Amino acid sequence: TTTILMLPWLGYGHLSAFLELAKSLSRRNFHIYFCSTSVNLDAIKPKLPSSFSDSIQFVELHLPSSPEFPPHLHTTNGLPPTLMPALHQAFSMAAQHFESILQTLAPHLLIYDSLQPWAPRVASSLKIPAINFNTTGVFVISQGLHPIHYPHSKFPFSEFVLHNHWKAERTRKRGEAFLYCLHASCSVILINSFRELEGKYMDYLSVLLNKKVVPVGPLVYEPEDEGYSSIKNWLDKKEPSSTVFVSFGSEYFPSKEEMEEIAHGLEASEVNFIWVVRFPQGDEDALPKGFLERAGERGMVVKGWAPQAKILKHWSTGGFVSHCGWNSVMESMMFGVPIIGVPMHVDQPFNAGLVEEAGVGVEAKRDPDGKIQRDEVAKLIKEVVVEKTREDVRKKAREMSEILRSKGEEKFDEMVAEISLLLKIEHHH
Ligand SMILES: O=c1ccn([C@@H]2O[C@H](COP(=O)(O)OP(=O)(O)O[C@H]3O[C@H](CO)[C@@H](O)[C@H](O)[C@H]3O)[C@@H](O)[C@H]2O)c(=O)[nH]1
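Under PDB author numbering, the letters of the sequence shown match residues 9 to 176, 187 to 241, 246 to 305, 311 to 456, in that order.
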């Protein structure tokens, strides 16, 4: 009888984490309204089992639609990078529809993502409580806000220093770091992380923002066998811990030079590999001519989409060459796979540092101009996977996995307390 409306940001990684949060709330007697674009909602429904039909209802948010920008492109999954500004515009232009949904559904609480400032303001206008859920890590956020208060000192608890390539919209984001708060809705933030990895940063961020930081993560989905049948057949023929999974996400498409370096790095390592290579939604050559040679049956290149979670939980997988996106990093730590980091942009360089700090993987360093190196990638794959001579990395990965697996339902105890208090304060309002 208490209804929460969840509004994620467009984009599969954000969408999945909200769904895992939705499932937890549903099991706690909370009626959920899951709101997003139709393309995103369909992509995420298979992961929602039938048992939640009664308690989790899907709500469609309508973005402005045109014949060359139809609703299937109203997402960041496979979107051409040129079209992303249009997507940001279209999302903002949907605020008025959000009001109609919000007023008509009368949710007691709104949980929103960290990329739609119009969503809390719309909720405030209609006397609806709103709480921020941040699907990504705390390390990046704290590092960003540290210079504003202490431009003098270095980052207090980390020995990581950013590389020159990434040192180098942001305008609107440095206006979110001064966001005023004069109500309980903004007294707390939900974060997709856990203290064993970012406990010190969570304490620091709480001081920086003067707000409660409540961890509710990690939110990993433990897995139709759509593509797995062929992949599992191939994977079972390989020796244990002999194969690497290579993925760079759904919102970034590596360059021609970048993929050549990684392909050659894979070949030199002599490892087995499953590589998901993707092309934008709009539209052999991309990989080096003749690459798939020594890597005949020692490698697979999947087109479009692959079962990342299932592959990583196989016992033949001993490594994950990743772009160090937050959800992929959490999955690798949950499943006990050491990460071979190849960060590309956004928060990924910081997340790669966090993996290195935690001892659960190694980051392949970029050259002075910011260019991927074949030799660096090959060395780490050989050391981590082909010749298991970096055994400290491997042990910490399973130890981290063991820690993550052992967490029980107490993971959400703090969140339910904060929402309950907030939901009482608004009865008075
Ligand atoms: O072949 C694939 C590729 C991805 N996934 C899943 O899709 C998600 C991808 O995670 P991640 O790569 O972290 O998310 P993306 O949306 O692809 O990338 C973003 O991940 C961050 C957190 O969502 C964002 O803030 C950044 O803009 C961007 O790096 C995870 O659930 C993966 O398991 C699969 O199941 N199969």
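Don't be surprised by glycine CBs; every beta carbon is placed ideally from N, CA and C.
Only exposed fits residue 258, as fewer than 16 other CB atoms lie within 10 angstroms of its CB. In the DSSP assignment, residue 353 falls within the unbroken alpha helix (DSSP H) covering 353-362. In the displayed model, residue 330 falls within a strand according to three-state DSSP.
If only complete runs of 3 or more residues are kept, the segment 372-410 shows the beta strand (DSSP E) at 388-390, in order along the chain. Your pair residue 150 and residue 264 does not check out as a contact, with CB atoms roughly 38 Å apart and the cut at 8 Å.
A distance below 6 Å between beta-carbons, with the five flanking residues on each side excluded, links residue 241 to the following residues of its chain, in chain order: 336, 337. At a cut-off of 8 Å, the beta-carbon of residue 444 does not count as near ligand 1: no heavy atom of the ligand is closer than that.
As computed with DSSP, residue 151 is found in no beta bridge at all. Residue 441 and residue 293 have their alpha carbons spaced roughly 44 Å apart. Not one heavy atom of ligand 1 sits closer than 8 Å to the Cβ of residue 48. Residue 374 has its Cβ nearer than 8 Å to a heavy atom of ligand 1. Counting C-beta pairs closer than 8 Å gives fewer than three between the segment 207-227 and the segment 411-423, which falls short of the contact rule. Distance from the Cα of residue 147 is smallest, within the candidate group 384, 410, 455, for 384. The DSSP assignment places 138-142 as complete runs of the beta strand (DSSP E) inside the segment 125-175, in order along the chain (cut-off: 3 residues). Here the segment 205-215 makes contact with the segment 229-236; the two share three or more CB pairs at distances below 8 Å. Spatial neighbours of residue 401 in its own chain (CB-CB distance under 6 Å, excluding positions within 5 residues in sequence) are listed in chain order as 283, 286, 287. Distance between residue 131 and residue 380, taken at the CA atoms: about 37 Å. In the three-state reduction of the DSSP assignment, residue 68 falls in the strand class, which pools E and B.
Taken from the Cβ of residue 334, at least one heavy atom of ligand 1 lies inside 8 Å. When the alpha-carbon of residue 409 is set against those of 15, 228, 348, 395, the nearest one is in 348. Counted as a single uninterrupted DSSP element, the beta strand (DSSP E) harbouring residue 230 occupies residues 230-233. With a threshold of 8 Å, the Cβ atom of residue 353 counts as near ligand 1, since some heavy atom of the ligand is closer than that. Counting C-beta pairs closer than 8 Å gives fewer than three between the segment 74-83 and the segment 112-121, which falls short of the contact rule. Exclusion of the five residues before and after residue 28 leaves 237, 238, 239 as the residues of its chain whose Cβ lies within less than 8 Å of its Cβ.
Per DSSP, the unbroken alpha helix (DSSP H) holding residue 48 starts and ends at 46-52. Going by C-alpha positions, residue 119 is about 11 Å away from residue 17. When secondary structure is reduced to three states using DSSP, residue 295 falls in the strand class. Here the distance from the Cβ of residue 24 to the nearest heavy atom of ligand 1 is below 8 Å. For residue 14, the closest C-alpha among the options 95, 109, 311 is that of 109. Of the candidates 429, 88, 206, 301, 206 places its Cα closest to the Cα of residue 227. Between residue 21 and residue 353, the beta carbon gap of about 7 Å places them in contact (Cβ cut-off 8 Å).
If the five residues before and after residue 173 are omitted, its C-beta is found closer than 7 Å to the C-beta atoms of 393, 397, all from its own chain and listed in chain order. For residue 350, the distance from the CB to the nearest heavy atom of ligand 1 is below 8 Å. If you draw a straight line from the Cα of residue 54 to the Cα of residue 140, it is about 26 Å long. With a contact defined as Cβ atoms closer than 8 Å, residue 72 and residue 101 qualify at about 5 Å. Within the same chain, Cβ atoms closer than 7 Å to the Cβ of residue 375 are found at 350, 351, 352, the five residues on either side in sequence being excluded.
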